[PDB]
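Shown next, in structure tokens, is the structure this report addresses.
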Amino acid sequence: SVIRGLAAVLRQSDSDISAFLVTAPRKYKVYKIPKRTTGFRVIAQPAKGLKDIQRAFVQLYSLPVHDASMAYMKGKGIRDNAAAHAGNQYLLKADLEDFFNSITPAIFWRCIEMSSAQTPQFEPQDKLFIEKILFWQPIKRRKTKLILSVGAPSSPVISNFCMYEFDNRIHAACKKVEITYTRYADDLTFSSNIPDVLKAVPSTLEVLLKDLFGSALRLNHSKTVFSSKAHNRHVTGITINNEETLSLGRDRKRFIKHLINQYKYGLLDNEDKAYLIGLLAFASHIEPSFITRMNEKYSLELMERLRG
Amino acid sequence: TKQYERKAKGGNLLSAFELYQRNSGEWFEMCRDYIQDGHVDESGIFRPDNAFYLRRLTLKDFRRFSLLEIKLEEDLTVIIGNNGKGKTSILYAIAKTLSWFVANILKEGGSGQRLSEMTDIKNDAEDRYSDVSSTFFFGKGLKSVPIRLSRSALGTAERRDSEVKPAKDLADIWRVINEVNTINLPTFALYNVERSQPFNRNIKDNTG
Amino acid sequence: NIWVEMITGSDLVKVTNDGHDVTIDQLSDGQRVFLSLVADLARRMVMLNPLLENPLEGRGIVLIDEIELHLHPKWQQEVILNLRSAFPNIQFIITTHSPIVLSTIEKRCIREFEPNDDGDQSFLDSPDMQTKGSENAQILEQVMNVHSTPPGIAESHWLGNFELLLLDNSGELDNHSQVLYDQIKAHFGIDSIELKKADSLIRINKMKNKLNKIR
Amino acid sequence: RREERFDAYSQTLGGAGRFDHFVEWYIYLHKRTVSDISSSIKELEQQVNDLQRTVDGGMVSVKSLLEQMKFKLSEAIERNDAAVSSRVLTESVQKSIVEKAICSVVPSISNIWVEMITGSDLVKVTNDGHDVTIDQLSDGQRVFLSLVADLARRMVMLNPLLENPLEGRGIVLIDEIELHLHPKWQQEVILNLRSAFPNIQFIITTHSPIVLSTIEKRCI
Amino acid sequence: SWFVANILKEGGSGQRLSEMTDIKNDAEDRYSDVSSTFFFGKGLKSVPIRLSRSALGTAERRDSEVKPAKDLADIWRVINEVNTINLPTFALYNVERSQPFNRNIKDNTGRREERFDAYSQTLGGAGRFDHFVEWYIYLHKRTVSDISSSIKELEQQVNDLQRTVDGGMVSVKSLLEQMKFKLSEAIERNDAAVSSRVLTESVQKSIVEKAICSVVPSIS
RNA sequence: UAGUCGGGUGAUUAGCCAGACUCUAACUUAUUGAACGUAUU
Ligand SMILES: Nc1ncnc2c1ncn2[C@@H]1O[C@H](COP(=O)(O)OP(=O)(O)O)[C@@H](O)[C@H]1O
Ligand SMILES: [Mg+2]
């Protein structure tokens, strides 16, 4: 049935879809992307044919996603995530270990079975094809190790779905004690105006993770961080200032000013110019007031010329 | 790369070093000045511009501890308690972490020490592994150097990996910069109760 | 002072210890062990900091377990101060059982286990009392959770018992209170703080009783 | 060699004790408590009798084995007799005495026993409410355990005729009694030692005012 | 040493160069290399190996390159495991070989009879003449004895013991099981000896005797 | 005091100035994929 649906969407024969899916878990290109400091991240991207199938699958089957999930959501993002916490003085951040690569077919099917919201029902015969669509086989020799890859177009949707019940429970629990909760992929954020309530959250998280996923998904305890208005606070790369407003942060703002000054004297190369323009668009989205101030500091004429 | 150039010019040590390694002047001098620059205070004591110290330690299922977090002072931290509260365990955990810096200052890809699979895992821990997590600070250009030492109990089929690459990355900077132009190097030492020994002038080490 | 002699035909390190020239082998265990710590550390710092005017101002992390090991109380009052002055940029992480050592350290530097922990405590904290400059007996009780007088010794309770007897007999020395007084005098001595306290109790209680009778 | 009575004088004045010898001796005692020699003698007697019947039945090939088993039996009886002849405390009682001494004197230790784990014999302790191996104990706990264990072993070996062998005579020298001890333990250590070993002359050195608060000035 | 280690054990390690003594004191590059090329027939004309060591604190580490030696040694080891082959001899005889003879010779535990004892201390510098003497005496004892007579004798003893257990003496069952195990071990050793395609002890002895008398002029 | 937030100035990622904050307590991250912003259409 999944096959028939996909074939219809992709205007292909049932036979050619089925044939393609036989070795779909191995149809990934693996490459490295540089980290910002030192080192590399390893990425696995599906082949084009498989990407098309994955996109079709996601289109055909709507899986539930909690409102606290901020990542990969239409009409939401990092600004909304940060804004949810901007009014609260105390902040907690937690992170999940090897989030995408921890999600296996077993976890996926368990989540389908457990799901409190309405899930699509799949015929047992379709389950094998679904696994081949959604999960990557990193080790050629080991046919039994299938995992989600961050590089696959379906992986955002599946990962958000797998966290649906988790998000339901923890959101409800937090609301009772006046804690704001959001999740951006593997990044969990908690905030509150009440002192000494966020201390209990990490223990609560560990229990819930064990309950729902056993030992498959775990907290990265090294990445659990408490903060307050005494210290720097950021959420998904957005600074929350002490006036409870979203900010790019002083250092980034000063860097942008530096680049504008360089441009003013014709010292910016084309690459740096392009970089500056891109970054100003982001600045306009996060902190529009900053753009106004730059217009005042640098002459509207200069800035308009730059943004042409 | 242009991204590394921007970070390096912003004062990031690791980016400056990466640029030095790929183009092998400017970047070398940035790295060397980061390590060597400092001033003499009012009391006549030299103070490095970029301090090096252990910020935070976390112990998970390690010996008596199920999960424990400790924030350390930059200058002096004193741990107190009754016998068997885990004071010596804490210093042991730190010493093993520091062994990764020492090994990599001595040799590229040197191996530091490991947690014991026989003794260091908490006896009644349901997960059968231990983690020792540390963050070090090295000035505002390298605010966080995270290390994790891990070990699974003897017998257990799943084996938990250590994460030591940040230690190696920093120790590489010290080692490589020193080889080109001499710099001052950090001292790491443990003095446990084993320091009380009988003396022997007659026994001499003919080893190095 | 410390120096090398070779004139006997074997290389000997000598020290001036308490005004007497001795070999390292002649030092007490306490002196030797402490000398060893400092000598070793100083050697390493000199070798690793060739470009500093004062190589002992180099960077590093030093861990010391049981800093008071083999030290008399007199030395315990100096050891942390001396180390910090000689090695001003080292991060020291130390363990101790000594209230005398704690009397020389700020409360912010101290990390203390909760008294009935059992290894599930999540974060360590500093004591509530300021330790630096405080009396050792206060540190014993307020930080180390130990009585300043040994509770397992009967004589430690005699003054308390004496006071209770005095209060039972409207402040007058009865036969029983006199016996205990004599025991306190005999045990602690005529010039003891304990006897002075007993004397004080007698004086105050007699005067209180006289006031009560006037009323 | 650890079962020989005069092993109690081995390296007695060397300064460290021999805690290794204690562990060996204690495991030995445990094995003998789980299996007494008399049943082994009875079993050996039965085996010798069975082998003698086979030799009497015409199987001359097993005569060499019979002679070996008779030798083993004679040796077992002799050991039993020597043990009997030495008027020595039973191995069970010896074990119990030492265990009680350790538990009474060492505050953190409530129990000590020998486990067969996997292949080999291991001494375990209940320390601060938790079961641990000796190599898991803190240095303070281990050092003090070692002192008491060693002393109790030697006293048991040297005083076989006393109801309580720890009430024997002797002279014990201890340098820095407070070594590795928290103040709380320093307040109990002299009382515990004198209670466990009432007839020993103790000559000790200390730096601790807390220890001194428990001792009469005449002893100082 | 790298060939010997890998013939004995998969992933065996040979000896490494010393940072202290093997590196030239005034080496500009601050590392040392020992490079060797071996030949093994026209099929493997070049087997390169390099032992390397760098000074402490150098910017780059110099590692050894030993994989070709290990690969070749692995072929010898694996093929030999399936079907016995002849193996290469490696030996060093330094001036240390001049040393006096211990007249007292050790009791045969039976390490000397094992084939890969031939690689024991082979590159140490002195040989092991003591091992020769032990091995040679062992060979003599086996030549004068019959082999399988112990098995036949053990077979007879197990048969006699089986008859006793069948006759109602259940107490000797433990002894029967022990003897059956000994018999099985003896057969297995015999079979392993049979399986290992080793020369008879008599022949081995003769070969060595001839060699010694041929090479050493004064010895007839 | 320290650390943090950041309005301004400053051929400007620095420095300097002004104002503020303080649950024991941020460490700025990752693409070609996904989503968001801008451009192109
Ligand atoms: N693997 C383990 N599991 C459980 N408890 C352990 C383990 N290892 C050690 N312990 C316990 O931890 C304590 C060790 O104390 P230690 O670290 O030496 O502390 P201290 O120096 O304060 O005496 C003892 O209470 C010992 O029984
Ligand atoms: Mg992009």
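Quick note: numbers below take in every heavy atom, side chains included, and nothing from hydrogens, waters or symmetry partners. We name chains A, B, ... by the order of the sequence lines, and we start the count at 1 in each one.
- Closest approach to the A/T239 side chain among F/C5, F/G10, F/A25 is made by F/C5 (side chain taken as heavy atoms from C-beta onward).
- Using a 4.0 Å heavy-atom cutoff across all strands shown, B/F137 reaches no nucleic acid atom at all.
- Note on B/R55: a side-chain N or O is less than 4.0 Å away from OP1 or OP2 of F/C27.
- Atom CD1 in A/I286 sits roughly 19 Å away from atom P in F/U28 (whole-Å rounding).
- In this structure, A/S228 reaches the F/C23 phosphate: one of its side-chain N or O atoms is under 4.0 Å from OP1 or OP2.
- A donor-acceptor contact under 3.5 angstrom links the side-chain atoms of A/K257 to the base of F/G10.
- When rounded to the nearest whole Å, the span between CZ of C/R108 and P of F/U24 equals 17 Å.
- Ring stacking is absent between A/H231 and F/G3, as the pair misses the limits of under 5.5 Å between centres and under 30 degrees between planes.
- Looking at heavy-atom distances under 4.0 Å, A/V150 makes contact with a base.
- A distance of 10.5 Å separates CD of A/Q45 from CG of A/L50, quoted to the nearest 0.5 Å.
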Could you list the protein-to-nucleotides 13-16 of chain F atom pairs, N/O on both sides, closer than 3.5 Å?
unit_1, atom_1, unit_2, atom_2, d
F/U13, OP2, A/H258, ND1, 3.3
F/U13, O5', A/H258, ND1, 3.3
F/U13, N3, B/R6, O, 3.1
F/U13, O4, B/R6, O, 3.4
F/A14, OP2, A/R254, NE, 2.7
F/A14, OP2, A/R254, NH2, 2.9
F/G15, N7, A/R254, NH2, 3.1
F/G15, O6, A/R254, NH1, 3.3
F/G15, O6, A/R254, NH2, 3.1

Base-contact (B) and sugar-phosphate-only (S) positions in nucleotides 35-41 of chain F, heavy-atom cut-off under 4.0 Å, - elsewhere: SSBS---

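- Judged by centroid separation below 5.5 Å and plane tilt below 30°, A/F226 does not stack onto the base of F/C23.
- Between B/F52 and B/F101, the ring center distance clears the sub-6.0 Å criterion.
- With sequence neighbours excluded, the residues that form a side chain to side chain contact (heavy atoms under 4.5 Å, CB included) with C/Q121 are C/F113, C/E114, C/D117, C/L124.
- The ring of A/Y265 lies on top of the base of F/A11, close enough and flat enough: under 5.5 Å between centres, under 30° between planes.
- Close to F/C5, at under 4.0 Å from its OP1 or OP2, lies a side-chain N or O of A/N232.
- The stretch residues 81-102 of chain A touches RNA chain F through A/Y90, A/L91, A/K93, each having a heavy atom within less than 4.0 Å of the strand.
- Of the listed nucleotides (F/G7, F/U22, F/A26), F/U22 has the atom at the smallest distance from the side chain of A/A230.
- Note on A/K264: nothing from the nucleic acid sits closer than 4.0 angstrom, heavy atoms only.
- Near-neighbour residues of RNA chain F inside residues 44-55 of chain A, defined by a heavy atom below 4.0 Å, number-ordered: A/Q45, A/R55.
- Across all strands shown, A/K29 has no heavy atoms under 4.0 Å from either base or sugar-phosphate atoms.
- Defined by atom type and a distance below 3.5 Å, a donor-acceptor pair is missing between the side-chain atoms of B/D131 and B/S133.
- Within the nucleic acid shown, B/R56 comes within 4.0 Å of at least one base atom, counting heavy atoms only.
- Taking atom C1' on both nucleotides, F/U12 is separated from F/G33 by 37 Å, rounded to a whole Å.
- Among the heavy atoms of the strands lying under 4.0 Å from A/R41 is at least one base atom, whether or not backbone atoms are also near.
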Read 5' to 3' with Watson-Crick or G-U pairs under 3.5 Å, [ ] for crossing pairs and | for partners on another strand, RNA chain F gives .((((.(((.....))).))))...................

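- Atom CZ in A/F20 sits 5.0 Å away from atom NZ in A/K27 (nearest 0.5 Å).
- The residue C/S126 sits apart from the nucleic acid: no heavy atom pair falls under 4.0 Å.
- On the P atoms, F/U1 is 15 Å away from F/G19, given to the nearest whole Å.
- For A/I33, counting side-chain heavy atoms from C-beta on, the closest listed nucleotide (F/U22, F/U31, F/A34) is F/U31.
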